[PDB]
Amino acid sequence: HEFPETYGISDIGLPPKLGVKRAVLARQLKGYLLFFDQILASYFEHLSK
Amino acid sequence: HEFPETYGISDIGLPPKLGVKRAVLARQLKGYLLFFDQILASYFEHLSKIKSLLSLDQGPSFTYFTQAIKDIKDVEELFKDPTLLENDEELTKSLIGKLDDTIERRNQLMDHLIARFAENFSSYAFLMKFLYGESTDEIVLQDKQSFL
Amino acid sequence: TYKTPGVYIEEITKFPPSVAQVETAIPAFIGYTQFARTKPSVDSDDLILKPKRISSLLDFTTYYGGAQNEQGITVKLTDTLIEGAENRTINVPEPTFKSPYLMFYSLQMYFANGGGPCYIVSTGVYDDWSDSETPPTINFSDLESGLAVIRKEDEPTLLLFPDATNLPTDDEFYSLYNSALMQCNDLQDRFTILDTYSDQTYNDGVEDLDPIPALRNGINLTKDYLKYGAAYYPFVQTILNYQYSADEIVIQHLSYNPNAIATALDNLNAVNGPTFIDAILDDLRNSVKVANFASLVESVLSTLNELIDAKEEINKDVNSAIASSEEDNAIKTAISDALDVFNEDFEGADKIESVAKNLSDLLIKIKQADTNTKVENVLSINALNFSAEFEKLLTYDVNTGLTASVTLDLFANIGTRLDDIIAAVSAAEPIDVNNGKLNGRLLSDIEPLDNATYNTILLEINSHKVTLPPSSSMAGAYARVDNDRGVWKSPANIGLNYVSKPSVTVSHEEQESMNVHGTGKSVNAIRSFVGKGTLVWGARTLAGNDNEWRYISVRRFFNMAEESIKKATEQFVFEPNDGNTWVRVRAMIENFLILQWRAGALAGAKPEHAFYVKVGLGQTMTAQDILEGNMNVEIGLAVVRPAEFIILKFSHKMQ
Amino acid sequence: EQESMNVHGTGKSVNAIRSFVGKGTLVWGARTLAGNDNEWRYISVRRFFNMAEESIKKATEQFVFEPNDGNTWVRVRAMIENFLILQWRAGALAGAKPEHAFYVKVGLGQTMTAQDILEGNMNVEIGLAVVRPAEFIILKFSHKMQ
Amino acid sequence: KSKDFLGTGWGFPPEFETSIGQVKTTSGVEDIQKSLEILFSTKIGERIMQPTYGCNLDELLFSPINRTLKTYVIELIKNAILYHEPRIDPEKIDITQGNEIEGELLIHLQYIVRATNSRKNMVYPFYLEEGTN
Amino acid sequence: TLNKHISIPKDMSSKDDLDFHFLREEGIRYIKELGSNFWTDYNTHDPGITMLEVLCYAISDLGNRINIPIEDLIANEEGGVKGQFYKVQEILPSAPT
Amino acid sequence: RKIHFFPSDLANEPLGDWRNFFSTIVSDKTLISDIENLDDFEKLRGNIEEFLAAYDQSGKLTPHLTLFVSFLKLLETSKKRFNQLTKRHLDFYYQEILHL
Amino acid sequence: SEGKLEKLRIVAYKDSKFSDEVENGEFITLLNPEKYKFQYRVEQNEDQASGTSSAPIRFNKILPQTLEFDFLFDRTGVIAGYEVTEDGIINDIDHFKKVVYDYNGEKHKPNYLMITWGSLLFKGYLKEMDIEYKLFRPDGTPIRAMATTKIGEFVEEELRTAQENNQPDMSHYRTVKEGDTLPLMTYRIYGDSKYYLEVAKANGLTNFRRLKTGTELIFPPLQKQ
Amino acid sequence: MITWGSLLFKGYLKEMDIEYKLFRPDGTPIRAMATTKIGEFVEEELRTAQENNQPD
Amino acid sequence: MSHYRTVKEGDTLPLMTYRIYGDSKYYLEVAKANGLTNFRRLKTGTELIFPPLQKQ
């Protein structure tokens, strides 16, 4: 949620006119970024315990 | 008398067009402020009595004093019983009353004045108890005044 | 009225409006108000179907009034023990039942967003709730009446209905708007601003409907009507507070140790005794003559007033016992019945309260009787009621030096009845396990008893904000644009005042279907942008695919230009129909249009490419028109249209 | 007490002399003994008229034995209008332009008939809009959040 | 509790309650509105050790209404606010006559409440480190 | 027990996990040491650098919660310390011998 | 208890007194149930002194008491000056009347 | 009273707050000036180094203002509304000089002036004056003169700081709207984005990366020593 | 920022003179003439980007 | 220098001291130089003196 709209990984999505390929690439980036979020989420979770 | 006209507690009153509620509130403020004036009036009153407190002829029966306040236009309505405002001695008994421990305070004043002549009446404290009971306190103060 | 020269400060004053001017953004608002009176201090309502011009909220408030107090506010408190210490939780939820009357709030938004003078038409005035869960409803035919009324006024240019979304069905909602679009086409000078029915999937009693698809099916008129309006979506969350009265809010209390009954019972034990009512009952049971009499009356009157106050205190505590006795409803009934009987000595059944009231009025009259006659000082007792009112306390006390012959009396039945109340209340002491001291009491009542809790509750109540349909803010925004740039400037990319956020977030995938659609029934979007806040995005009409009428600014420009020319030509109506008139009509129209061209409304490098006017026999008229008395004038106009899209391209060379 | 001096059922107003803090003794109020009247409640209005009427009366003495016809009626009008236009510029009379401040009418069929010509009468009608004082000031306050 | 530099104080026409032994107080915007009522209700020399507090609007009683007067009225109001009420900025002063006969002058003052704390605002937990002048 | 005036320090430098600029510089130093053969453009339009700055921001947030005082971090929903500590009334007194 | 109190909803009619405005000073209401008839103030004075200590520099008093107490504290400087009169009187007599 | 020709007035004052009038210190003209003129000056610092193409321009000061106008005195007898006087314009000029020029021994200076005509209202001091005498009676009594005048501007120092409401030194509050972030709001208030963790600690925020859209925040000033 | 057609200029006011010419009878002005002088402002970060200074 | 005034109704001692000296704080020295005890109420025929301030 910290990235710009241009990247296409936010709640409002990406405009249809930009085509499928760009939408697909946005999906690929979300996948990559989860490797960083799952780790951070663990540390926050550890405080709760 | 030190406040502005806007407050409504001065001699010229408050204009009718402002309504009853504002006039009522002015009455409430006058009530509150009397708690400050009655105390100040007492201190001024106390200066007027220095001559009596230290008199060689005859001292007063009270050691604390008060005054009626009459430069306020409705005091006849503010007080539950206006009678007291006609006599400062009754007002004193009602407002200060017992707080004034006259027997002990009167003796301290008399003893000081007697001491100024290098005299001493300590023995009356017990010698009079072989003659009188509780009534000695009045008798002894009368004798000390006569001595001076 | 002032009598003494001076400087006065007043909270409420009337202002002297006086000069009207021609403007293009003038809405009419049709809906319900608190009152509707020409004279600020009369009881009659006489402005309801009389359209009136308002310059600010300051005028609205003196003829129509404010908002209705909400009846749906709930306050709940809970007491619990932590390691032995008490801990109180305060809970004030959002109301689910809200008043349906929104005109006041809508006007506040209109003025906040830059609106000017406007017309108010009331369709009636506010009514009452039936219960805390039953709000009043809106009758469709009231809005239709108001529309028929505004039809006869010439000045208004925009049509709005502040309470349309509270109609019982969507079918009524759509019918109302189709009527407005048809009226705009009949008159040829107005534009309609439309809202959806709801921002949430709503149930029609049969099926669950999506709001944008539902509005599109609802408005089933053709292009000839659709070109006269536009719709906006979603609703907006504002910063306005709800109106309420603290006295009307009841507080629920739950606690680990139940002390509600115990409190009420201890207060009643104090009640049933000599320091509360026996002393009252024992005592209760010619200019000089008037003064003496008047004193004696006042003494009785004062005594009666104390007895009356006593009744009110009793009801306030007994009711908490009733409210708190959740279990064993048999006891709730026993308590309630005992109280209901007690009250009969004070209420209309045998009204002690009216005796006290009447003695007061009579007492004033006898004191003033001395103003002019000895007769008045007799009539006030034997023609009027002093004899008659004292009798209602004791029927014939005068029979003996000691009051006697009390064939009837209003006094002391209180003793037995208080005993009955206490006995019934005491039955609840082993019944009530969960209610605290304030349970069943009013918010205003607690203020003396507790203050930390009271202030906390008020802060929580005021955290709840008002939500409104967007149309009233748009009317405000239209006024700003017309003054800053002109009627030919598009309303889009303008920020809104007093808006925290749109009710819902609309994604790009969704937004494309709002702007371009097979039906042409476009919807303009309200959006939040980073660092900017809430903006209006898009400015198309309900005929959004049309080659001539898809933009709002184009349609509004034409309505304006046509009205101005029409007025300019009235001066020639009864002139001879010949060449000496035809030439004068042309010169005048051309002068109007050349000014609009210089102003930037019309397109074209020089007038020959911006506009034309044709008048003449053999051009626009024939011999038969001269005989009939007709005159035909043909006008064409090239207009300026907005940019909506920006396309960039980059290319390079090596140094 | 002061309110009953300024406004009263009889119209017989009394002006008050008052002491103000930091100023001393001032005259407070300026009404006539017909204080509820719509035209004559202010002192300055009544005194202005007495002055204006005397000045016009003197100005018209030069026409007393002139023929009673159009060549005189026109001269009387021009003179009266000149007096009044000066008073208007001076600030005594109300109105944005002379058409709203005053008028003078003289003529047969307007103010005179055939019988007046025979009797030797001449009728001149004059109207005047005058300036009145402010007595009360009313304030109001309202606010907005930044 | 963000808007704590506007402060809290006694209501102007102080009212005393009996349901609790307290005098009513005001805060925030309510307090500002009562401050304005006080300032324009008092004359310049009426306070004892504050010989320059209040206003001179009474100078204009029993005078005709014109452009010179209106200019003077506006000046008097603006200076009184600049000297004595640090929490606001005047927005507009509208001066009009609503009566052809009655001696009435109508003045409407509109103003804006400041979002930042003034160097002249004596509110207890702030002036100690922020009240420079 | 009076209220004090509240202000904020002006020396925003700690050289630890709460210091954004410090973290950003260390990030870039590590990148050069490990991957400068392939990744040399460190300008602000670069997606790589953009991701680094986002992560640095997230780290500061974590560090800030770790510093929340114990009284709150181990609090119970209902208050008290029943399962965490024994109180002096319970753990210090001794049977009488 | 000797002063009338006027409610804001009556046309200047009295209803009660000012009793409730000083009721927060005394922590045990027993001692003031008939205060106007006392001849022994030792218990009452004791509770008042506890009150004064408890709120000294607490920041917690209602504004009408805050003024009253601040006023009473300012008056302590008057007591200091006033009680020097006995010395001034003695000095005057020995030095200006008797010339010693 | 629209139709009234208003005449220009000048009043003398004793104090710098303009509330205590000099007795018999008011001048009213008999003929209005044709026009008047104002002057405004702002000064900047324009030092730059050699080799550069432009300078950094720094604000330095706002200089005092200036008003100028001309007067005509005439008692010949052709202007409607006025009378011919036995001594001509001798008492008109002597009263005009007593108000605007003469030294006052009570205050050890010349007078404070307020100049009012219509929309105009100006406070200050006389700087310059020239008077030229044109027509005379045979015995040497003047009946016409022309005067040129220059006035400076006065502001009292307590009023200057109230008009320059000078505000990182004071306290501030805002309400959160949708679309706001904490480092962007910190930049617009302080000039730097780096103070966002001190703003979050002063408000008790733990999840500052998502703000809720009704929250009112405080922004404390920076410490000075 | 001063914009008219092709013109676009950023800076500061240095000098101004205003002269009042016509008046209504009650002293309300209806005509005036103003002369103005504007200086030029460049921020220092933009000066080095415009002077793309390049043996180094 | 030295000064004298006569008391008119509406005068107070701290307001008159401010107009003569420039400061209201000298009112207790003016009352002592005139022998006034009840200075909070002035009688409206009294002539007062206002001495100058001492120099060294």
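Residues numbered from 1 in each chain as written, not as in the entry; some residues may be left out. Chains lettered and ligands numbered in written order. Part of a larger assembly, values for the part shown. Heavy atoms only, no water. Residues with missing side-chain atoms left out of burial classes, pairs and counts.

Per the PDB record, this model was obtained through cryo-EM at a reported resolution of 2.7 Å.

**Re the overall build of chain D**
A tally of helices and strands in chain D yields 4 helices and 5 strands. In chain D, the succession of helices and strands from N to C terminus is α-β-β-α-α-β-α-β-β. Expected size for 146 residues packed as a compact globule is a radius of gyration near 15 Å; at 22 Å, chain D overshoots this value by more than 25%. Expressed as lengths along the three principal axes of its C-alpha atoms, the size of chain D is roughly 70 × 45 × 30 Å. Buried residues in chain D amount to 36% of all 146 residues. Of the contacts made within chain D by residues no fewer than 6 positions apart, 42% connect residues no fewer than 24 positions apart. (Helix = DSSP H or I, 4+ residues; strand = E, 2+ residues; numbered from the N terminus. Rg over C-alpha atoms; globule rule 2.2 N^0.38 Å. Buried < 20%, exposed > 50% of the residue type's maximum accessible area, 1.4 Å probe, protein only. Contact = heavy atoms within 4.5 Å.)

**Focus on the arrangement of the chains**
Among the 24 pairs of chains that make contact, the interface with the largest number of contacts is formed by chains D and E. One finds no contact linking chain D with chain G; the least C-alpha distance across the pair is 19 Å. The least C-alpha distance between chain B and chain I, which are not in contact, is 36 Å.

**Regarding the interface of chain E and chain D**
By convention, interface size is frequently given as the accessible area that disappears when the constituent parts associate. Between chain E and chain D, the residue contacts involve 31 residues of the former and 23 residues of the latter. Between chain E and chain D, a total of about 2500 Å² is buried, with carbon and sulfur atoms accounting for 65% of that surface. Summed over the three residues of chain E that lose the most area to chain D, namely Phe-62, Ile-101 and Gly-103 of chain E, the buried surface amounts to 24% of that side. Our count for the contact surface shared by chain E and chain D stands at 0 salt bridges. (Buried area = accessible area lost by both parts, 1.4 Å probe. Salt bridge = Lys/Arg side-chain N within 4 Å of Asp/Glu carboxyl O.)

**So, the side chain of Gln-44 of chain H**
In this structure, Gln-44 of chain H sits in strand β3 (residues 36-45). With a relative accessible area of 15%, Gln-44 of chain H lands in the buried category. A polar contact is formed between the side chain of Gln-44 of chain H and the backbone oxygen of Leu-13 of chain I, at a distance of 3.4 Å. Dropping the residues within four chain positions of it, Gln-44 of chain H is found in contact with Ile-57, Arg-58, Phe-59 and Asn-60 of chain H together with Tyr-12, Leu-13 and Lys-14 of chain I. (Polar contact = N/O pair within 3.5 Å; in protein donor to acceptor, adjacent residues only side chain to side chain.)

**Points about the pattern of salt bridges**
One pass over the full model with this rule turns up 63 salt bridges over all chains. Here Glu-608 of chain C ties to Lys-606 of chain C by a salt bridge, and the two come within 3.4 Å at their closest N and O atoms. Here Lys-606 of chain C falls in the partly exposed class, since its relative accessible area comes to 39%. A salt bridge links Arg-45 of chain G to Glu-42 of chain G, with the nearest nitrogen and oxygen atoms 3.2 Å apart. Of this pair, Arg-45 of chain G and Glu-42 of chain G both sit in helix α1 (residues 42-54), 3 residues apart, which is roughly one turn of the helix. Connected through shared salt-bridge partners, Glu-2 of chain A, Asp-61 of chain F together with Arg-209 of chain H make up one network.

**What to know about helix α4 (residues 170-187) of chain C**
All names here are of chain C. If you check α4, its first and last C-alpha atoms are 26 Å apart, about what 18 residues at 1.5 Å a residue would give, namely 26 Å. Two or three places before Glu-172, at the opening of α4, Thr-169 has a side-chain oxygen 3.1 Å from that residue's backbone nitrogen. Of the residues trailing α4, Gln-188 is marked for its positive phi of about 75 degrees. (Expected span 1.5 Å × (residues − 1).)

**Concerning the sheet that holds strand β5 (residues 85-91) of chain C**
All names here are of chain C. The mixed open sheet is built from 3 strands, whose spatial order is β5-β4-β13. The sheet is open, and its two edges are formed by β5 and β13 (251-255), each paired on a single side. With strand direction ignored, the average angle separating the axes of adjacent strands in the sheet is 20 degrees. Sheet analysis places strand β4 (residues 75-82) next to β13, joined by 5 bridges and oriented parallel. The residue of β13 that forms the bridge with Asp-79 is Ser-255. (Pairing = 2+ DSSP bridges. Axes fitted to C-alpha atoms, helices over the stretch in contact; angles between N-to-C directions.)

**Details of a nonpolar patch on the surface**
Residues and elements named next belong to chain G. On the surface, a nonpolar cluster with roughly 570 Å² of combined accessible area is contributed by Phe-92, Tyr-93, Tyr-94, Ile-97, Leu-98 and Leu-100. Mapping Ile-97 onto the fold places it in helix α4 (residues 85-97). Its relative accessible area of 46% is what places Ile-97 among the partly exposed residues. (Patch = residues over 30% accessible without salt bridge, like charges linked within 9 Å, V, L, I, M, F, W, Y side chains within 5 Å. Areas by Shrake-Rupley, 256 points an atom, 1.4 Å probe, with all protein chains shown as cover.)

**Things to note about α1 of chain G**
Residues and elements named next belong to chain G. Taking 1.5 Å of rise per residue, the 13 residues of α1 would be expected to cover 18 Å, and the 19 Å separating its terminal C-alpha atoms lies within 8% of that figure. Along α1, the positions that sit buried rather than exposed are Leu-44, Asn-47 and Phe-51. Here the buried residues of α1 occupy an arc of 70 degrees about the axis, which is enough to place them on one side. Within α1, the exposed residues directed more than 90 degrees away from the buried face are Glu-42, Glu-50 and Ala-53. (Arc of directions from axis to C-beta.)

**Some remarks on the nonpolar core**
Residues and elements named next belong to chain C. Counting 45 residues, the largest nonpolar core has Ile-277, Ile-314, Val-318, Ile-335, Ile-421 and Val-425 as the members making the most contacts within it. Elements with a contribution of two residues or more to this core: α7 (260-271), α8 (274-284), α9 (287-324), α10 (329-342), α11 (352-369) and α14 (414-426). Looking at which element gives the most residues to this core, the answer is α9, with 12 residues. Counting residues in hydrophobic clusters, the runner-up holds 42 residues, among them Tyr-110, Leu-468, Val-536 and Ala-539. (Core = buried A, V, L, I, M, F, W, Y, C linked by side-chain atoms within 4.5 Å.)

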